[PDB]
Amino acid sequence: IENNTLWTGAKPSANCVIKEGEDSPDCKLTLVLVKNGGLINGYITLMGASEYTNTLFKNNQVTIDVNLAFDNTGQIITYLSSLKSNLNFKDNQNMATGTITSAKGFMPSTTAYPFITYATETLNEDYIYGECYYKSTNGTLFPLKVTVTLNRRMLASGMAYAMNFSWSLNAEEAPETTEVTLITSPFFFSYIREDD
């Protein structure tokens, strides 16, 4: 058990909900958070697991969202998050088993990335922009604009941290025509971490 890593395990089963209103997993979310000094080194990827997700790319303009809300101990609050199974430590290629006593040290810092406090506050320092890709059936690479939001809005009283990801597909013509497994290539990023 390596406690310097908070993740979904390598190659996880459907554990994430991307469809609006849905409650049951419709895709596989791979997320790796690693404590690296004052930073967290992150790794994230999405793999479709339903006709809905695997059809999304028959359109030329799509936006996928995965929202993550954590309590005061860095535990995922499922009813508020797209991810339906809590993260855990590294135990080889899987998620360690048992209760985690605080993963606070893995959360985005509230000093560096604050929560909105007043009506018109923009807080643009709470955003990370980047890019990853989708490889279509014929082999073409479609660029996906990625936006990461750290602690900008709280959604309920027991919520202490937030981490949102969104992938944006805005191309000339749809990538696919058939139902093809939705795969976002590895997105890398880092952020100032909260103290333990």
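Heads up: residue numbers just count along the shown sequence, starting at 1.
When the two stretches 116-124 and 94-102 are set side by side, the higher mean Cα temperature factor goes to 94-102. Between the stretches 42-50 and 55-63, it is 55-63 that shows the larger average CA temperature factor. The maximum CA B-factor among the listed residues 31, 171, 34, 150, taken from the PDB record, is found at 171. Sort the chain's modelled residues by C-alpha temperature factor and residue 10 lands in the middle third, per the entry. Annotation for residue 185: CA B-factor lies in the lowest third of the chain's modelled residues. Per-chain ranking of the deposited C-alpha B factor places residue 162 in the lowest third. In the deposited entry, the Cα temperature factor of residue 109 places it in the lowest third of its chain's modelled residues.
When the CA B factors of the chain's modelled residues are split into thirds, the value for residue 85 lands in the highest one.
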